[PDB]
A.B. asks: 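Pasting in a structure now, in C-alpha cells, and then I'll have a few things to ask.
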Amino acid sequence: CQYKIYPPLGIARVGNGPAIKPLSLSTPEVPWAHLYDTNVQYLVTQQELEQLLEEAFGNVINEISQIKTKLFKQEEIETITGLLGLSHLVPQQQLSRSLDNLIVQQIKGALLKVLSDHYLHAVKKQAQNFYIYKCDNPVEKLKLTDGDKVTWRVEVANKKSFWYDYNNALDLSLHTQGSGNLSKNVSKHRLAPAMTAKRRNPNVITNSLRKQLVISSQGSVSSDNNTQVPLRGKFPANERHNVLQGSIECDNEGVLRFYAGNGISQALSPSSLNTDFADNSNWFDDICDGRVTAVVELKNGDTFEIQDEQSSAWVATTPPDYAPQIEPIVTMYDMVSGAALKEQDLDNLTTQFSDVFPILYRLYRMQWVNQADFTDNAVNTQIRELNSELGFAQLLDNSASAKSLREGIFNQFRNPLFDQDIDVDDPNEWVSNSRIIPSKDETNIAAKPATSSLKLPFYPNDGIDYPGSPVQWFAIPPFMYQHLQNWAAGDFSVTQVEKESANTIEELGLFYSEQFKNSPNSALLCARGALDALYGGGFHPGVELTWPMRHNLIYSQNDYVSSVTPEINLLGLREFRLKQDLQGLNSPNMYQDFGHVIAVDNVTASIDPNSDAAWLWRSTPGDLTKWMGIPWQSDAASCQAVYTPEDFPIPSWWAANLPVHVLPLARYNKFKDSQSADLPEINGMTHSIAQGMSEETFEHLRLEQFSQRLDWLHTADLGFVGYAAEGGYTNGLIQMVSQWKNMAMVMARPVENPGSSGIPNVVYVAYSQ
Amino acid sequence: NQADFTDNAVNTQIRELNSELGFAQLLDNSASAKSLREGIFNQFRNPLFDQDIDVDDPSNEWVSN
Ligand SMILES: [Mg+2]
C-alpha cells in the first residue's frame with residue numbers, strides 16, 4: 001500500500017448557497033472543533049456577498065469610466081459583465097437585464113441586489129475535502145513537487161426512485177448472535193418484525209426500463225487545473241430534467257473538494273404530491289453517493305493507482321445539518337465502532353470516563369434543539385445541579401463513595417437488550433409496561449396503565465410501528481450501554497488531569513475538544529469527523545444513512561487503531577473502509593433487485609459473501625442513499641415530534657440535525673443585552689423602561705425570553721400560515737420541498753454579560769426569516 | 001358486468017351459435033369440431049401463469065407482456 005484517500009466515507013450536504021469556498025462550509029475533519037464558536041455563519045450573509053462583489057470589482061473602475069465618458073448598450077453590457085467573473089453564480093441575462101434598467105455605486109448596488117435575491121440567507125453547502133495520504137498506514141498528506149500531479153475521479157448515482165419502499169429496517173428480523181449496535185433480542189423475540197416492501201414507481205416494469213429511474217454522473221479533476229466540474233445527470237435517464245448531483249474541484253496541492261447539489265427535488269408532474277414520509281412515486285431528488293478514486297503521477301514517471309477498496313473512498317450527499325454544533329447522541333461513527341463488536345464479547349470491553357462522557361455531553365446539549373431535554377430530563381437537570389456547585393468531577397470518581405451517584409444516573413437509561421420494563425405475554429410476546437407510543441389509528445378502549453418509568457433518551461426508534469414493543473423507544477447501542485454500565489459499577493479508569501478539568505461539564509468538554517485538536521492522527525480524525533455529525537439511530541429510515549451501516553458486512557475493513565490520546569480513549573480512532581464494487585457505474589450489479597418485493601429473507605441470503613445476493617453489501621454508486629426517503633424533504637418534514645397522549649416529555653426523532661424546539665433570533669434579541677448596555681433599545685425595551693426596572697425583574701425577563709422555544713416546523717411557512725390554514729403533518733411534507741431552504745439554522749452566539757440571569761455565555765440560536 | 005355483455009368474444013360466439021340453434025357442436029368431441037373448441041379454449045387465461053410473459057434477466061422474473 002502506497003497512498004490512500006481520507007476520509008474513507010466523505011459527506012457533502014445539499015444547500016442553495018453557491019459552490020465556492022468563501023461562501024461554503026467544510027465537513028468537520030476534527031471532532032468537537034467548534035462546539036462553542038460564536039462566530040459561525042452557516043447562512044450566506046450580506047457581508048459575505050458584499051465582500052464577494054468588491055473582489056469582482058477589484059481595474060474595473062478604470063474600465064467603466066472609460067465608457068462612462070464615451071457617452072448603456074448591449075455590449076457596453078458585456079464588457080462590464082465579462083470582467084466581473086460572476087456568470088458562474090448568476091445567469092448571464094439577469095446581470096445584464098439589471099444594468100440596462102437604470103456612479104460605480106449603482107452598478108454595484110444593482111449587482112448586489114441580484115446576488116442577494118439568489119443567495120442572501122442561503123443554506124451554505126457543506127463540502128467534503130478528500131486528501132491523499134502517503135502510507136507505509138498513513139503518515140502525512142501527499143506533497144506535490146513540480147512535475148507531480150494527482151487526478152481524482154468520482155462516479156455517483158441516485159437509485160431512490162429505482163429501489164423499494166422503506167417501511168422499517170429489514171435487519172430487525174435478521175437472525176444474529178448480536179453486535180455492538182443491535183441486540184440479538186430484537187430478532188429472537190420478534191420485538192419489531194421487518195416488513196415486506198414493494199417497489200417504488202411500480203408501474204415501470206422490466207429491469208431494462210427501470211434503469212431509467214437511476215440518475216448517475218461522473219467527472220474528473222486534477223491538480224494541474226482548479227476549474228470546477230459539475231456532476232450532472234438526467235431523470236429519467238437515457239421531458240427529462242437535468243439533475244446536478246454535485247460538483248468537484250481540485251487545488252494545486254491536490255485536495256479534492258466535493259460539493260453536493262442545490263437541494264432540488266421535483267416530480268415529473270406538478271400534481272404528483274409527496275404525501276408519504278419516504279415512498280412517493282414520480283419524484284426525484286439530487287441526493288447521490290458514489291465512488292472516489294485517484295491516480296498519483298510523480299515526475300520520475302512513476303504512477304500509483306488508488307482504486308482498490310482498501311485505498312479508495314466513497315462520498316454520500318445528505319440533507320443539511322440545521323444544528324452543526326449539536327451532535328447526535330449516537331453517531332454514525334458509533335455504528336462503525338459497534339459493528340466491529342460481538343454482543344457476547346461486551347464483557348471484555350474496557351471503559352474510560354472519556355468513553356461515557358460523549359453520551360452525557362451530547363444529551364446535555366440536546367436542550368438547544370428539543371424541549372424535553374431542556375425542561376423534562378432529570379439527568380440534564382442533575383448535571384445542572386452539579387455544574388452550579390462546581391461538582392461535576394464526582395461523576396469521574398470510580399470509588400464506592402460515588403457509586404450511588406453513578407448508579408442513580410445509569411438506571412434512567414434504556415437498556416438496548418429491550419428486556420426491561422416488560423410483561424411477557426404468556427410464554428412468547430414481550431409487551432412493554434412503560435409508556436407506549438400509540439398508532440394514529442385510534443381504538444376507543446381504555447389504555448393499559450403503565451407501571452414502569454419511561455427511560456432515556458425520550459426518542460422514537462426502529463420499532464415505532466408496533467405499539468407496546470420496547471423497540472418503539474431509542475436506546476444507546478449495546479457497546480455504549482456497556483460503557484455506561486461499567487461506569488456505574490466503578491469499573492472504569494480516568495486520569496487526574498481529566499479530574500482537574502472537570503468542575504463543570506463545559507470545562508471537561510473543552511478539555512476533550514483540545515485532546516482532539518492536538519491528536520497527531522489527522523487521517524483517522526478526518527475519517528471520524530466526517531461521520532461524527534451524522535445520526536446513528538433510530539433508523540426509520542433516519543436522516544443521512546440507514547440500517548446497513550450498522551453491520552460489519554458493509555465494511556471491507558473495520559479495525560481499532562489507537563486511542564485519541566495515549567491516555568485518553570474518547571471512543572477511539574478506527575481504520576475502516578466500505579465494501580466497493582470496483583467496476584463502479586459499469587458494474588453488472590448496478591441494476592440488481594429482488595423482484596416485486598424486498599424482505600428479510602433476501603438480507604439473510606446476502607450474509608454469505610459467496611452467494612448470489614451478496615451484491616447487496618458490495619456498494620455500487622447510489623447504494624448507500626437509495627434506501628432513504630424520496631424526496632428527502634418528505635423525510636425531514638416527517639422527522640419531528642411524535643406526540644403521546646401524555647403531554648410531556650414530547651418525543652422527538654432526530655432533533656440534533658433536524659431540530660424540533662429551537663431558540664429563535666427573536667428571543668436572543670430579547671435577552672442578549674445587559675441592563676447597562678449602551679443601546680437605545682435593550683432586550684426589546686426602550687432604554688428608559690429597561691433601566692427603570694429593578695435588576696431582579698430585568699434578569700427574570702431575560703430568563704423568560706430565553707425559555708421560549710419555537711417549534712422548528714414554524715420557522716417557515718409549512719402550510720399553517722394565514723386565516724383558516726390547515727397546517728398539519730401532510731402539508732408539512734408537501735411544503736418542505738420548497739421551504740427546506742428557509743428553515744431555521746441553529747448557530748452558537750454569545751451573551752457577553754449574563755449577570756445573575758442564568759443564561760450561559762454561549763447560547764444556540766435559530767436564524768430564519 | 002358490462003365487459004361480459006359488450007366486450008367478451010366468447011359470450012358473443014355463444015350468441016352466434018344460439019342464434020343458429022347450433023350450440024350442440026360444443027358437445028362434439030370429434031376432430032371436425034376441434035378448431036371450434038380450441039378457438040374458445042385458447043382465449044382463457046392459463047392458471048399456470050407462464051404464458052404472455054417475458055423472463056427478465058434469468059433470480060429470474062416473470063413480466064407480463
Ligand atoms: Mg446537528
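These values consider heavy atoms only, across backbone and side chains, with no hydrogens, waters or symmetry-generated copies. Below, chain A is the first sequence line, B the second, and so on; all start at residue 1. In each ligand, atom 1 is the first atom listed, and ligand 1 is the first ligand listed.
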A.B. asks: If the condition is side-chain hydrogen bond (donor to acceptor under 3.5 Å, both in side chains), which residues does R257(A) pass it with, not counting sequence neighbours?
C.D. replies: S24(A), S26(A), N129(A), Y259(A)

A.B. asks: Donor-acceptor pair, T38(A) side chain versus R749(A) backbone, under 3.5 Å?
C.D. replies: no

A.B. asks: Under 2.8 Å from the Mg ion (ligand 1), which protein N/O/S atoms are there?
C.D. replies: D321(A) OD1, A323(A) O, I326(A) O, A656(A) O, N657(A) OD1

A.B. asks: Should the pair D462(A)-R550(A) be classified as a salt bridge under the 4.0 Å nitrogen-to-oxygen rule?
C.D. replies: yes

A.B. asks: Can you confirm whether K670(A) is buried at NZ, in the sense that more than 12 heavy atoms of other residues, nucleotides or ligands lie under 6.0 Å from that atom?
C.D. replies: no

A.B. asks: With under 30° as parallel and over 60° as perpendicular, where do the rings of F392(A) and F357(A) fit, or are they tilted in between?
C.D. replies: perpendicular

A.B. asks: Please find the pair of heavy atoms, one from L718(A) and one from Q739(A), that lie closest to each other, and give the distance.
C.D. replies: CD2-CB, 3.7 Å

